[PDB]
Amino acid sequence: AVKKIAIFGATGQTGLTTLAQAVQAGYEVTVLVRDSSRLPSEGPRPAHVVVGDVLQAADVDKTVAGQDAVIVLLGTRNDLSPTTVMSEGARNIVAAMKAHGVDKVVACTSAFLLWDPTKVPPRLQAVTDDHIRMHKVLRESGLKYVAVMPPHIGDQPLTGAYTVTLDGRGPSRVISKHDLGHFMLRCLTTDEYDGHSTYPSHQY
């Protein structure tokens, strides 16, 4: 099966809980981080740490080296400014995966990619524009791409009881970060989501 995985964005809101969950599942986890201060120093911890930036292809190449699959949870935290970090980072990730024969990438964009584009809140259009750019990168890559498109990410506890809607909008507008990370790892265990959009949501 999949044993060795790389996570990008592992120090983020969803990355931290995905990292913990993956380590407890038994995965051998490699992370690319800009600052190891934002990784936990005890408890569930990754087996390999690369220090660097997803914009530097050499750093991405040594993170993807030797992996079986890739989880992408890159984002901008509280910065809503125009950016190309996620799409450019995604071009780096795709090339390193092809250079190392990795096929499986599970990447998080957002449910707004399933919305009427005129209906996106103006404050979120700039970030959304780069999710679109990133989704196009991965769609065009030809890899085995699970497009995870969550609605609002909350901080409710882990339930593992969430719904997953394929290629459409789901009946709830929230997923907890813990259930979102749980589902990113579920995508590693099956190929039933490959080439589909997935919307995870639950009522808390």
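One rule holds for the numbers: they count along the sequence shown, beginning at 1.
Looking at mean Cα B-factors across 118-126 and 67-75, the upper value is held by 118-126.
Per the PDB record, of the two stretches 109-117 and 96-104, 109-117 carries the greater mean B-factor over its C-alpha atoms.
The PDB entry gives the largest Cα B-factor of the residues 180, 25, 188, 10 to 25. Residue 173: CA B factor lies in the highest third for its chain, per the PDB record. Per-chain ranking of the deposited C-alpha B factor places residue 38 in the highest third. In this PDB entry, the Cα temperature factor of residue 198 sits in the bottom third of its chain's modelled residues, the lowest group.
The deposited CA B-factor of residue 158 belongs to the highest third of values across its chain. Sort the chain's modelled residues by C-alpha temperature factor and residue 80 lands in the highest third, per the entry.
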